């Protein structure tokens, strides 16, 4: 994991995605909520089903883009990637 980032430093759309995760949706895309298979990633190794992925919208794009939040099972364990799962930072919702 790349480091920790304060939510206030991320695009505003990442706040919108965390607020949909807190309400259980409804989500804009059917790929929001699917299990993320962390097998090739830099996230900590976990068994199938521990991580799930959600879209952070990129304003103006004609596709889902490359920004996502991955959740883990622990309290406030959420990671942001802006480059389609190449690098991740742990989000700190308190700053």
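Residue numbers count along the first chain shown, from 1.
The mean Cα B-factor in the deposited entry runs higher for 31-39 than for the other of 31-39 and 65-73.
Ranked by C-alpha B-factor against the other modelled residues of its chain, residue 16 falls in the middle third.
The entry lists a Cα temperature factor for residue 2 that places it in the highest third of the chain's modelled residues. Residue 47: CA B factor lies in the highest third for its chain, per the PDB record.
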